[PDB]
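Heads up, the thing below is written out as structure tokens.
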Amino acid sequence: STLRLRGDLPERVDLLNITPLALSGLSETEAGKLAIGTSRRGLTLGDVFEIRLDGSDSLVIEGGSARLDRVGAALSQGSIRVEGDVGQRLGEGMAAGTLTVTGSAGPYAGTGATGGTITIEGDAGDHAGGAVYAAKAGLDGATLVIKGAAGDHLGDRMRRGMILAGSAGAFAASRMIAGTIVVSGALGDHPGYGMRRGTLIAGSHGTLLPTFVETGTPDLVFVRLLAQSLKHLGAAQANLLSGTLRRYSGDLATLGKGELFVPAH
Amino acid sequence: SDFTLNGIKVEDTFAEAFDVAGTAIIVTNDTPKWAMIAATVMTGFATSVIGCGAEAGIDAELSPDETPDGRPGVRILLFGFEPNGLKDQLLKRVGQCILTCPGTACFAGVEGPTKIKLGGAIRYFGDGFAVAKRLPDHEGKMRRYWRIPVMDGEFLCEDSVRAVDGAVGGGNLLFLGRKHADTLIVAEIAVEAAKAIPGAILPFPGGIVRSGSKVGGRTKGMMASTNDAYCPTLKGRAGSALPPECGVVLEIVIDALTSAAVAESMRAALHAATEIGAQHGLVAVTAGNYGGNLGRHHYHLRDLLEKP
Amino acid sequence: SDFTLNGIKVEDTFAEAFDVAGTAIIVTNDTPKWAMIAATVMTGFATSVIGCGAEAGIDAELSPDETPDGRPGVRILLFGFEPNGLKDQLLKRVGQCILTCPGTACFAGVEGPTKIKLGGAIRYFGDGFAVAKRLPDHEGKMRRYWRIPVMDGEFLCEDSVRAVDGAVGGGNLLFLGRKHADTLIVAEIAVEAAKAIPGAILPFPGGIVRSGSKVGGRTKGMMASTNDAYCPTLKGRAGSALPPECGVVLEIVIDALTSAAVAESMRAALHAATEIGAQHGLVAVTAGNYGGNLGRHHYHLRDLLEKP
Ligand SMILES: [Cl-]
Ligand SMILES: [K+]
Ligand SMILES: [K+]
């Protein structure tokens, strides 16, 4: 099933429940009439895309705009491939499956995602892996891979899962409940503000918080397990765990159960 | 009725084994030396489930490739009557023989249907500083481990360990021989053969038992008594089941995670003992039974004739 | 004014040890191998008295000259809270790790004021066939032994074993060091020094403890919890009792039949560790105390300065 984007989007678009499972049941003529527009004037799937449908769990959106909100949200089946850029809330509340994006992503990508894998070959927006307004948690069990560079508040109020970022902006892992974030390269200023639990590993790092204390350079069994887990998934950050690391305990402002690893020298 | 294997008489009996709860754990250390120290202290004081807490043994030493840790490890089995009694014994032993040993780490050894809490209970020694982590292993399965803070570092312990159903214990075959010194060697190379089978162990000291566990007794409510029939000091009188040439008897008890492993462990012991048996004075080989109605699994030596 | 020995800082504390019930037994076999197999399975699963039944260890290996049997033996100690709990643990362990082991024989190890029935209780496994014999030893004292008939032959067991009064356990000193691999070696050569003292053992695996048993707990009613002060993962925050150069802590726990042996066992470990300590990055050596009011015996490191 392929959706060929006809042209530029005049308004923001909500692609929720436009999952290959839902699309299979619908007829090709009936599926075209599904409205995805935000505004009162609205927009139907036929107005935006050239719909080619087949009874399959695989979906490919050819062409993407930064105005594609909630793309792949609540996805429980199959896969969605977006050859282009996307908007906010990539796979909001994704249950399971795979969701790959060629371009960059908007803010709040990965919110409330339970299972499956969200891959952004481009850059992630602000609050990538972070919780939305009034949200209990951000990433909640799903694996989030950003080959490019994430913005501010990566993994904000993250509860579960794993984030594999290339680069990260300021205030990464803020208000973190739990989880694992391995950014291969630079990490912005003030990481892990309010961190409760979790593991943050980065190659470079900016200025650290006063409530973070250094533990030293410990050879831990968990690091060995996390390394083999990244090796098995083909993660580029698997090499970051090869050498001896410098450790810091989670933000002491809250219960200091989180941690931060940075290369020794 | 009489059977002869490798020129040595073998009684046409069966070994009466029982159904038991069994589980396995993999304990790793930075060196194989301390991996073994950790397991040796855990397996000690575990020769029977009725008197000792459980029946424990080391299945195999693991190389850094055969382990989920990547560090040299030990696969160590534990058997108990009830899945609750087994959980109780594993919690005690892992908590005070594994956790205490420096640089160790506990993982689930075997796959099974019922679940046993391990890391989730020792986590409470962490006094609230322990954290839990979920990671996919080399096979692709999500596993949950606990990180207990300790003096040397972190004691990493997997939350749950699985207990295999249908683990069989009590499979035994005993040897009759002329002299203790020589006949011990027959049993020694017999246990070395049995240890090799995966998932099977021999809980008794060196695998060998010298006290013949007999069901019942002469006086009052005897639950266990010595096997006067196979005692050389009670020879010559009615009720002694050993010939005048015999002067020493030794028993070999095998426990395994799978019933087939009990039979294959017995077979390997039966053959290895008889091949060299004539040289060291092995008179005959029999198996221990209780009457047939106590234990579900019967391992007849007549089925163990085929070479391994 | 904190003491510094051999270039290594030594904390000006004391080790809080407790009074405990202690006894010793000598187990002999035909070969030194099987005497050790018997000793190793009995000592296992006995690292603390609170969780495990008792605290056990092997004092020293005995030659055929040092034994009442005339056969190579092993002197093995056992410690318990109460003389009744000590009696219960010895009966269980000798009954199922010594009696079961082939070619063994159990004798009383140490002399003491209180009496513990040992052979007189295992004799009931004989099912009425066991006999008692009274014979004078090489010193001229009349001793009573039991002869339990078993498969391999007879399990000879002395009727009574003596329990010495004033056995002390819990004497401990812990090492702070830069790296687990190297500092383990410091603790390893420390236990080898401590083992040598007669009448003293180290119950934990290989003599070393990695989990700092701290009295109390943060929440609810906890009997034991991890020692967050000496945990390297909880560094940098208030309440961490170790400097930034330190990254690993290892504890050594010593039990002995006599109070002086605990101090002398501590002294040898303290000196052996520091002599080689600078080579392996040993930062400092301190001792674990509970406040002074829990344990009667206080072993201050200020009195252990004199060379052995
Ligand atoms: Cl939206
Ligand atoms: K084996
Ligand atoms: K010694």
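Ordering of the structure tokens sets the chain letters (A, B, ...), residue numbers begin anew at 1 in every chain, and ligands are numbered from 1 in the order given.
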
**Report entry** Residue contacts of residue A:239 (9 Å, only C-alpha atoms) excluding same-chain residues fewer than 6 positions away, as a list in words
**Finding:**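 Result of the neighbour search: residues 184, 227, 230 and 231 of chain A.
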
Saved selection, atoms kept: C-alpha atoms, as a compact mmCIF listing (two decimals), in the first residue's frame:
# COMPACT_ATOMS: atom_id res chain seq x y z
CA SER A 184 26.94 8.42 20.11
CA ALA A 227 26.91 -3.44 24.77
CA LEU A 230 23.52 -2.78 20.86
CA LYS A 231 25.83 -5.08 18.91

Requested in this report: List the neighbours of residue B:268 out to 7 Å using only C-alpha atoms; skip same-chain residues closer than 6 positions along the sequence, and give me the result as a PyMOL selection string.
Outcome: chain B and resi 193-194+308

Preceding selection exported with N, CA and C atoms as a CSV table (one decimal), in the first residue's frame:
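Once written, again-v3.csv looks like this:
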chain,number,residue,atom,x,y,z
B,193,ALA,N,31.8,-40.4,34.0
B,193,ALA,CA,31.0,-40.7,32.8
B,193,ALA,C,29.6,-40.0,32.9
B,194,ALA,N,29.0,-40.1,34.1
B,194,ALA,CA,27.6,-39.6,34.2
B,194,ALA,C,27.6,-38.0,34.2
B,308,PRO,N,26.6,-46.5,24.2
B,308,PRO,CA,26.4,-45.1,24.1
B,308,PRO,C,26.9,-44.5,22.7

Requested in this report: Tell me, as a list in words, which residues lie within 9 Å of residue C:42, counting only C-alpha atoms; anything in the same chain fewer than 5 positions away does not count.
Outcome: residues 44 and 45 of chain B; 37, 56, 57, 76, 93, 94, 96, 97 and 98 of chain C

Present chain C as an mmCIF file with C-alpha atoms, in the first residue's frame, least-squares fitted onto chain B over all of its C-alpha atoms paired in order.
data_model
loop_
_atom_site.group_PDB
_atom_site.id
_atom_site.type_symbol
_atom_site.label_atom_id
_atom_site.label_comp_id
_atom_site.auth_asym_id
_atom_site.auth_seq_id
_atom_site.Cartn_x
_atom_site.Cartn_y
_atom_site.Cartn_z
ATOM 1 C CA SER C 1 18.751 -64.859 32.373
ATOM 2 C CA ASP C 2 20.234 -61.968 34.338
ATOM 3 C CA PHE C 3 22.145 -59.658 32.014
ATOM 4 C CA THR C 4 25.951 -59.796 31.863
ATOM 5 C CA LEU C 5 27.795 -56.883 30.244
ATOM 6 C CA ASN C 6 31.525 -56.755 29.422
ATOM 7 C CA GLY C 7 32.127 -59.847 31.551
ATOM 8 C CA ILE C 8 30.431 -58.311 34.595
ATOM 9 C CA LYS C 9 27.124 -59.545 35.997
ATOM 10 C CA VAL C 10 24.335 -56.960 35.930
ATOM 11 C CA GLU C 11 21.252 -57.437 38.075
ATOM 12 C CA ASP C 12 17.893 -57.478 36.247
ATOM 13 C CA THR C 13 16.342 -54.704 38.335
ATOM 14 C CA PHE C 14 15.245 -51.103 37.741
ATOM 15 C CA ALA C 15 16.083 -47.815 39.429
ATOM 16 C CA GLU C 16 13.076 -46.214 41.136
ATOM 17 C CA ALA C 17 13.305 -42.479 40.439
ATOM 18 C CA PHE C 18 10.824 -39.770 41.348
ATOM 19 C CA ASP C 19 9.437 -36.625 39.760
ATOM 20 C CA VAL C 20 10.984 -33.489 41.243
ATOM 21 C CA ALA C 21 11.024 -29.715 40.744
ATOM 22 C CA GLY C 22 14.168 -28.537 38.991
ATOM 23 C CA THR C 23 15.770 -25.284 37.917
ATOM 24 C CA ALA C 24 19.145 -24.104 36.630
ATOM 25 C CA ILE C 25 21.147 -20.890 36.957
ATOM 26 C CA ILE C 26 24.292 -19.554 35.257
ATOM 27 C CA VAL C 27 26.744 -17.775 37.588
ATOM 28 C CA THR C 28 29.503 -15.727 35.933
ATOM 29 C CA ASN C 29 32.664 -14.123 37.314
ATOM 30 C CA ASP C 30 35.702 -12.272 35.981
ATOM 31 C CA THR C 31 37.875 -15.386 36.267
ATOM 32 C CA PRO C 32 36.944 -19.083 36.023
ATOM 33 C CA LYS C 33 38.437 -19.560 39.486
ATOM 34 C CA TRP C 34 35.910 -17.348 41.290
ATOM 35 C CA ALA C 35 33.009 -18.642 39.215
ATOM 36 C CA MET C 36 33.910 -22.077 40.578
ATOM 37 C CA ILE C 37 34.347 -20.758 44.128
ATOM 38 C CA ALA C 38 30.850 -19.298 43.855
ATOM 39 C CA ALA C 39 29.464 -22.566 42.491
ATOM 40 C CA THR C 40 31.226 -24.766 45.050
ATOM 41 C CA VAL C 41 29.920 -22.932 48.128
ATOM 42 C CA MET C 42 26.357 -22.906 46.759
ATOM 43 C CA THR C 43 26.337 -26.630 45.905
ATOM 44 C CA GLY C 44 27.622 -27.665 49.340
ATOM 45 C CA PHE C 45 25.266 -29.127 51.938
ATOM 46 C CA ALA C 46 22.752 -30.260 49.306
ATOM 47 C CA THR C 47 23.056 -34.056 49.023
ATOM 48 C CA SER C 48 19.382 -34.917 49.601
ATOM 49 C CA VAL C 49 16.132 -32.959 49.556
ATOM 50 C CA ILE C 50 14.728 -34.710 52.629
ATOM 51 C CA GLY C 51 17.488 -33.656 55.069
ATOM 52 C CA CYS C 52 19.373 -30.906 53.291
ATOM 53 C CA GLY C 53 17.213 -28.199 51.778
ATOM 54 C CA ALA C 54 17.604 -29.318 48.170
ATOM 55 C CA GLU C 55 19.759 -31.356 45.772
ATOM 56 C CA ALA C 56 22.330 -29.223 43.950
ATOM 57 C CA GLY C 57 25.234 -29.834 41.605
ATOM 58 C CA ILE C 58 27.414 -28.217 38.969
ATOM 59 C CA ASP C 59 26.369 -29.235 35.476
ATOM 60 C CA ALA C 60 29.228 -27.826 33.405
ATOM 61 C CA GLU C 61 31.736 -24.977 33.216
ATOM 62 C CA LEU C 62 30.979 -22.325 30.606
ATOM 63 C CA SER C 63 33.430 -20.378 28.469
ATOM 64 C CA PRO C 64 33.024 -16.629 27.779
ATOM 65 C CA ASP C 65 31.238 -17.659 24.547
ATOM 66 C CA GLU C 66 28.592 -19.916 26.151
ATOM 67 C CA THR C 67 27.449 -17.204 28.601
ATOM 68 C CA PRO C 68 25.025 -14.273 28.262
ATOM 69 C CA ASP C 69 27.460 -12.190 30.316
ATOM 70 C CA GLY C 70 30.517 -12.621 28.121
ATOM 71 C CA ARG C 71 32.502 -13.618 31.241
ATOM 72 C CA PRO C 72 33.495 -17.207 32.162
ATOM 73 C CA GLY C 73 30.665 -18.922 33.989
ATOM 74 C CA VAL C 74 29.260 -22.071 35.614
ATOM 75 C CA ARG C 75 25.919 -23.790 34.931
ATOM 76 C CA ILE C 76 24.572 -25.057 38.262
ATOM 77 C CA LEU C 77 21.351 -27.021 38.831
ATOM 78 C CA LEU C 78 19.070 -27.185 41.865
ATOM 79 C CA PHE C 79 16.274 -29.684 42.564
ATOM 80 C CA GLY C 80 13.488 -29.678 45.130
ATOM 81 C CA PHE C 81 10.307 -31.475 46.134
ATOM 82 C CA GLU C 82 7.861 -28.574 45.682
ATOM 83 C CA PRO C 83 8.281 -25.504 43.440
ATOM 84 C CA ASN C 84 7.756 -23.487 46.641
ATOM 85 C CA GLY C 85 10.487 -25.352 48.505
ATOM 86 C CA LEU C 86 12.661 -25.068 45.395
ATOM 87 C CA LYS C 87 12.084 -21.311 45.322
ATOM 88 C CA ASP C 88 12.920 -21.038 49.026
ATOM 89 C CA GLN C 89 16.231 -22.888 48.643
ATOM 90 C CA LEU C 90 17.374 -20.977 45.577
ATOM 91 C CA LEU C 91 16.725 -17.624 47.286
ATOM 92 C CA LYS C 92 18.668 -18.682 50.382
ATOM 93 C CA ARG C 93 21.607 -20.084 48.426
ATOM 94 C CA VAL C 94 21.946 -17.354 45.788
ATOM 95 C CA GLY C 95 21.399 -14.756 48.484
ATOM 96 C CA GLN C 96 24.285 -15.940 50.652
ATOM 97 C CA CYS C 97 26.653 -17.849 48.384
ATOM 98 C CA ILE C 98 26.398 -15.935 45.101
ATOM 99 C CA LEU C 99 25.637 -12.368 46.221
ATOM 100 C CA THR C 100 28.314 -12.622 48.911
ATOM 101 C CA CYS C 101 30.923 -13.912 46.424
ATOM 102 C CA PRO C 102 32.885 -11.050 44.805
ATOM 103 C CA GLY C 103 32.524 -10.229 41.111
ATOM 104 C CA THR C 104 29.613 -12.599 40.490
ATOM 105 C CA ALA C 105 26.469 -12.288 38.357
ATOM 106 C CA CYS C 106 23.468 -14.631 38.304
ATOM 107 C CA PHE C 107 21.504 -15.509 35.161
ATOM 108 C CA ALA C 108 18.714 -17.938 34.374
ATOM 109 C CA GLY C 109 20.188 -21.276 33.364
ATOM 110 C CA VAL C 110 17.373 -23.265 31.781
ATOM 111 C CA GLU C 111 14.075 -22.452 30.090
ATOM 112 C CA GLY C 112 10.876 -23.717 31.662
ATOM 113 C CA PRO C 113 7.135 -23.149 31.981
ATOM 114 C CA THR C 114 6.953 -22.060 35.638
ATOM 115 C CA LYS C 115 8.476 -18.803 36.896
ATOM 116 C CA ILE C 116 10.612 -18.314 40.015
ATOM 117 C CA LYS C 117 11.313 -14.862 41.430
ATOM 118 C CA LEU C 118 15.061 -14.613 42.049
ATOM 119 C CA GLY C 119 16.490 -11.168 41.332
ATOM 120 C CA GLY C 120 13.197 -9.503 42.234
ATOM 121 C CA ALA C 121 13.517 -10.737 45.822
ATOM 122 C CA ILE C 122 17.252 -10.207 46.456
ATOM 123 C CA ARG C 123 16.821 -6.639 45.148
ATOM 124 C CA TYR C 124 15.458 -5.734 48.607
ATOM 125 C CA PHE C 125 18.990 -5.969 50.029
ATOM 126 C CA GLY C 126 19.611 -2.799 47.983
ATOM 127 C CA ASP C 127 17.717 -0.759 50.594
ATOM 128 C CA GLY C 128 15.955 1.250 47.884
ATOM 129 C CA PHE C 129 19.082 1.865 45.770
ATOM 130 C CA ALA C 130 18.589 -1.151 43.472
ATOM 131 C CA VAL C 131 17.445 -0.523 39.886
ATOM 132 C CA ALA C 132 15.862 -2.687 37.185
ATOM 133 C CA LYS C 133 16.839 -2.773 33.500
ATOM 134 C CA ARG C 134 15.163 -4.415 30.491
ATOM 135 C CA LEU C 135 17.417 -5.417 27.577
ATOM 136 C CA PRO C 136 17.085 -7.831 24.630
ATOM 137 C CA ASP C 137 19.444 -10.813 24.631
ATOM 138 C CA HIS C 138 21.466 -12.397 21.805
ATOM 139 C CA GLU C 139 18.392 -14.431 20.788
ATOM 140 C CA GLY C 140 16.052 -11.424 20.617
ATOM 141 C CA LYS C 141 14.107 -11.898 23.884
ATOM 142 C CA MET C 142 13.497 -9.081 26.364
ATOM 143 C CA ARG C 143 14.996 -9.951 29.765
ATOM 144 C CA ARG C 144 14.746 -8.013 33.040
ATOM 145 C CA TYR C 145 17.745 -7.724 35.375
ATOM 146 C CA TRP C 146 18.306 -6.137 38.779
ATOM 147 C CA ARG C 147 21.388 -4.139 39.795
ATOM 148 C CA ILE C 148 21.980 -4.351 43.562
ATOM 149 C CA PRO C 149 24.678 -1.906 44.761
ATOM 150 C CA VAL C 150 27.367 -3.625 46.848
ATOM 151 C CA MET C 151 30.839 -2.946 48.218
ATOM 152 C CA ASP C 152 32.782 -4.315 45.254
ATOM 153 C CA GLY C 153 30.331 -2.797 42.759
ATOM 154 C CA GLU C 154 26.957 -4.035 41.509
ATOM 155 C CA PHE C 155 25.500 -7.539 41.912
ATOM 156 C CA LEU C 156 23.547 -8.104 38.688
ATOM 157 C CA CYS C 157 20.763 -10.669 39.064
ATOM 158 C CA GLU C 158 18.057 -11.665 36.600
ATOM 159 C CA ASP C 159 14.557 -10.941 37.918
ATOM 160 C CA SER C 160 13.085 -14.375 37.220
ATOM 161 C CA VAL C 161 14.503 -17.836 36.642
ATOM 162 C CA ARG C 162 12.494 -20.543 34.905
ATOM 163 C CA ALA C 163 11.819 -23.986 36.396
ATOM 164 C CA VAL C 164 11.551 -26.892 33.963
ATOM 165 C CA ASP C 165 8.670 -29.326 34.394
ATOM 166 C CA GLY C 166 9.396 -33.034 34.518
ATOM 167 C CA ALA C 167 12.796 -32.987 36.212
ATOM 168 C CA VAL C 168 13.625 -36.452 37.556
ATOM 169 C CA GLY C 169 15.824 -37.273 40.527
ATOM 170 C CA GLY C 170 16.889 -40.403 42.310
ATOM 171 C CA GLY C 171 18.064 -42.454 39.342
ATOM 172 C CA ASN C 172 20.696 -44.706 40.855
ATOM 173 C CA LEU C 173 22.744 -47.839 40.271
ATOM 174 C CA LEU C 174 25.050 -49.396 42.883
ATOM 175 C CA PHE C 175 28.299 -51.356 42.456
ATOM 176 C CA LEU C 176 29.421 -54.452 44.345
ATOM 177 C CA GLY C 177 33.165 -54.991 44.533
ATOM 178 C CA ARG C 178 35.925 -56.827 46.343
ATOM 179 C CA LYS C 179 37.971 -53.984 47.833
ATOM 180 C CA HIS C 180 37.130 -50.411 48.860
ATOM 181 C CA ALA C 181 40.327 -48.941 47.429
ATOM 182 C CA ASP C 182 39.845 -50.445 43.970
ATOM 183 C CA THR C 183 36.038 -50.323 43.760
ATOM 184 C CA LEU C 184 36.076 -46.641 44.665
ATOM 185 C CA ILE C 185 38.036 -46.106 41.437
ATOM 186 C CA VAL C 186 35.304 -47.947 39.516
ATOM 187 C CA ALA C 187 32.690 -45.602 40.989
ATOM 188 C CA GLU C 188 34.953 -42.587 40.415
ATOM 189 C CA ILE C 189 35.270 -43.272 36.689
ATOM 190 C CA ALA C 190 31.540 -43.974 36.708
ATOM 191 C CA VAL C 191 30.602 -40.507 37.978
ATOM 192 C CA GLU C 192 32.979 -38.868 35.508
ATOM 193 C CA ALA C 193 30.994 -40.639 32.783
ATOM 194 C CA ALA C 194 27.666 -39.593 34.296
ATOM 195 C CA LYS C 195 28.636 -35.953 34.881
ATOM 196 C CA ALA C 196 29.233 -35.402 31.158
ATOM 197 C CA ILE C 197 25.560 -35.701 30.146
ATOM 198 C CA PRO C 198 24.022 -32.203 29.860
ATOM 199 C CA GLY C 199 21.412 -31.332 32.469
ATOM 200 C CA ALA C 200 22.380 -34.111 34.890
ATOM 201 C CA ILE C 201 24.243 -33.911 38.210
ATOM 202 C CA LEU C 202 25.157 -36.206 41.106
ATOM 203 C CA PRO C 203 24.443 -34.523 44.454
ATOM 204 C CA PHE C 204 26.272 -36.748 46.938
ATOM 205 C CA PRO C 205 29.949 -36.090 47.809
ATOM 206 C CA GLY C 206 31.956 -36.621 44.628
ATOM 207 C CA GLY C 207 28.817 -38.224 43.251
ATOM 208 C CA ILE C 208 29.122 -41.366 45.433
ATOM 209 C CA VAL C 209 27.002 -42.523 48.398
ATOM 210 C CA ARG C 210 28.263 -44.984 50.995
ATOM 211 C CA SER C 211 25.106 -45.109 53.155
ATOM 212 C CA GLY C 212 22.328 -47.067 51.503
ATOM 213 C CA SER C 213 19.156 -45.099 52.115
ATOM 214 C CA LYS C 214 16.529 -47.768 52.830
ATOM 215 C CA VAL C 215 12.861 -46.841 53.172
ATOM 216 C CA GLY C 216 11.374 -47.550 56.570
ATOM 217 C CA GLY C 217 13.117 -48.884 59.636
ATOM 218 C CA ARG C 218 13.209 -51.892 61.918
ATOM 219 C CA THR C 219 11.642 -50.250 64.989
ATOM 220 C CA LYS C 220 9.068 -47.516 65.748
ATOM 221 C CA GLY C 221 8.614 -44.881 62.997
ATOM 222 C CA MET C 222 11.819 -44.427 60.984
ATOM 223 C CA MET C 223 11.853 -42.440 57.770
ATOM 224 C CA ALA C 224 15.247 -43.705 56.562
ATOM 225 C CA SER C 225 17.542 -46.461 57.759
ATOM 226 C CA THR C 226 20.685 -48.199 56.592
ATOM 227 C CA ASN C 227 20.353 -50.882 53.906
ATOM 228 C CA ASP C 228 21.298 -53.964 55.929
ATOM 229 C CA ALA C 229 21.029 -56.123 52.795
ATOM 230 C CA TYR C 230 23.916 -54.325 51.062
ATOM 231 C CA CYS C 231 25.967 -53.930 54.260
ATOM 232 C CA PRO C 232 29.147 -56.067 54.194
ATOM 233 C CA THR C 233 29.335 -56.251 57.985
ATOM 234 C CA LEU C 234 25.897 -57.944 58.006
ATOM 235 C CA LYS C 235 26.940 -60.726 55.610
ATOM 236 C CA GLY C 236 26.286 -64.437 55.990
ATOM 237 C CA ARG C 237 22.897 -64.026 57.671
ATOM 238 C CA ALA C 238 19.515 -64.156 55.980
ATOM 239 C CA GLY C 239 18.692 -60.874 54.303
ATOM 240 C CA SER C 240 22.137 -59.976 52.931
ATOM 241 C CA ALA C 241 21.856 -59.260 49.208
ATOM 242 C CA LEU C 242 25.503 -59.715 48.277
ATOM 243 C CA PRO C 243 27.743 -62.691 47.442
ATOM 244 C CA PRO C 244 30.756 -63.797 49.487
ATOM 245 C CA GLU C 245 33.271 -62.395 46.960
ATOM 246 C CA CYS C 246 31.820 -58.917 47.550
ATOM 247 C CA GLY C 247 33.131 -56.761 50.372
ATOM 248 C CA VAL C 248 32.224 -53.173 49.429
ATOM 249 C CA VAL C 249 29.121 -51.513 47.970
ATOM 250 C CA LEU C 250 28.960 -47.970 46.559
ATOM 251 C CA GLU C 251 25.894 -46.175 45.200
ATOM 252 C CA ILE C 252 25.640 -43.491 42.497
ATOM 253 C CA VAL C 253 22.650 -41.115 42.570
ATOM 254 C CA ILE C 254 21.742 -39.023 39.477
ATOM 255 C CA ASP C 255 19.301 -36.112 39.127
ATOM 256 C CA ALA C 256 18.430 -34.465 35.826
ATOM 257 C CA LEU C 257 16.237 -31.777 34.287
ATOM 258 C CA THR C 258 14.852 -34.260 31.744
ATOM 259 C CA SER C 259 13.832 -37.882 32.185
ATOM 260 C CA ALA C 260 15.918 -38.993 29.209
ATOM 261 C CA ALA C 261 19.058 -37.470 30.738
ATOM 262 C CA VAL C 262 18.692 -39.704 33.807
ATOM 263 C CA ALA C 263 18.596 -42.807 31.621
ATOM 264 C CA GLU C 264 21.482 -41.617 29.450
ATOM 265 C CA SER C 265 23.467 -40.621 32.546
ATOM 266 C CA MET C 266 22.813 -44.063 34.005
ATOM 267 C CA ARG C 267 23.809 -45.713 30.707
ATOM 268 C CA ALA C 268 27.210 -44.009 30.543
ATOM 269 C CA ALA C 269 28.058 -44.944 34.133
ATOM 270 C CA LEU C 270 26.910 -48.535 33.635
ATOM 271 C CA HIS C 271 29.150 -48.938 30.586
ATOM 272 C CA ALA C 272 32.189 -47.016 31.867
ATOM 273 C CA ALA C 273 32.168 -48.986 35.117
ATOM 274 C CA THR C 274 32.028 -52.436 33.525
ATOM 275 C CA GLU C 275 34.618 -51.688 30.817
ATOM 276 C CA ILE C 276 37.204 -51.202 33.573
ATOM 277 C CA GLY C 277 35.321 -53.245 36.177
ATOM 278 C CA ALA C 278 37.063 -56.594 35.692
ATOM 279 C CA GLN C 279 40.438 -54.916 36.264
ATOM 280 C CA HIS C 280 39.442 -53.720 39.754
ATOM 281 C CA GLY C 281 37.455 -56.769 40.859
ATOM 282 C CA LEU C 282 33.953 -55.406 40.214
ATOM 283 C CA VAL C 283 31.644 -58.309 41.081
ATOM 284 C CA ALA C 284 28.293 -57.002 39.875
ATOM 285 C CA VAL C 285 26.166 -53.914 39.214
ATOM 286 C CA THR C 286 22.528 -53.575 40.380
ATOM 287 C CA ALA C 287 20.086 -50.703 40.966
ATOM 288 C CA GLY C 288 18.200 -49.508 44.025
ATOM 289 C CA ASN C 289 14.412 -49.742 43.828
ATOM 290 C CA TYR C 290 11.673 -49.154 46.391
ATOM 291 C CA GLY C 291 8.997 -51.579 45.189
ATOM 292 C CA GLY C 292 7.652 -49.909 42.059
ATOM 293 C CA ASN C 293 4.733 -48.015 43.621
ATOM 294 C CA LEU C 294 6.711 -45.173 45.244
ATOM 295 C CA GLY C 295 8.417 -43.710 42.154
ATOM 296 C CA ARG C 296 6.862 -42.987 38.767
ATOM 297 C CA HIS C 297 10.043 -43.414 36.681
ATOM 298 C CA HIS C 298 11.578 -46.903 36.455
ATOM 299 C CA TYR C 299 14.982 -47.191 34.770
ATOM 300 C CA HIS C 300 15.468 -50.864 33.960
ATOM 301 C CA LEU C 301 19.030 -51.957 33.293
ATOM 302 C CA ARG C 302 17.690 -54.162 30.483
ATOM 303 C CA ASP C 303 17.073 -51.061 28.364
ATOM 304 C CA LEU C 304 20.535 -49.619 29.088
ATOM 305 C CA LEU C 305 22.378 -52.433 27.273
ATOM 306 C CA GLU C 306 22.910 -50.484 24.038
ATOM 307 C CA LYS C 307 26.341 -48.881 23.811
ATOM 308 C CA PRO C 308 26.456 -45.037 23.982
#

Query raised in the report: Can you tell me which residues sit at most 6 Å away from ligand 1, counting only C-alpha atoms and all ligand atoms, written as JSON, numbers by chain?
Result: {"A": [14, 69, 70]}

Requested in this report: Taking only C-alpha atoms into account, report as a VMD selection string which residues of chain A lie within 12 Å of chain B.
Outcome: chain A and resid 115 141 to 143 159 to 162 177 to 180 196 to 199 215 to 234 249 to 250 255 to 259

Query raised in the report: Tell me, which residues of stretch 104-180 of chain C carry DSSP helix (DSSP H, G or I), written as a PyMOL selection string?
Result: chain C and resi 119-126+180

Requested in this report: Could you tell me how far atom CA of residue A:208 lies from atom CA of residue A:261, in Å and to one decimal?
Outcome: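 Here the two named atoms are 11.9 Å from each other.
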
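Across the model, the gap from atom CA of residue A:114 to atom CA of residue A:191 is 24.0 Å.
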
Report task. Skip residue A:4 itself and residues of its chain fewer than 5 positions away, then list as a list in words all residues within 9 Å of it, counting only C-alpha atoms. Result ->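 Listed by chain and then number, they are residues 48, 49, 50, 51, 52, 60, 61, 62 and 63 of chain A.
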
Requested in this report: Would you mind listing what lies within 10 Å of residue A:22 as a PyMOL selection string, with only C-alpha atoms counted and same-chain residues fewer than 6 positions away left out?
Outcome: chain A and resi 31+57+75+77

Could you please take those selected residues and save N, CA and C atoms as a compact mmCIF listing (two decimals), in the first residue's frame?
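The result, stored in selection_24.txt:
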# COMPACT_ATOMS: atom_id res chain seq x y z
N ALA A 31 -11.60 4.45 1.24
CA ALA A 31 -10.47 4.98 2.00
C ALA A 31 -10.10 6.39 1.57
N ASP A 57 0.15 -5.69 5.31
CA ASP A 57 0.52 -5.00 6.54
C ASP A 57 1.64 -3.99 6.33
N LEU A 75 0.06 2.49 16.17
CA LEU A 75 0.30 1.41 15.22
C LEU A 75 0.53 0.10 15.97
N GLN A 77 0.40 -3.10 14.13
CA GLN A 77 0.56 -4.13 13.12
C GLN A 77 1.45 -3.58 12.03
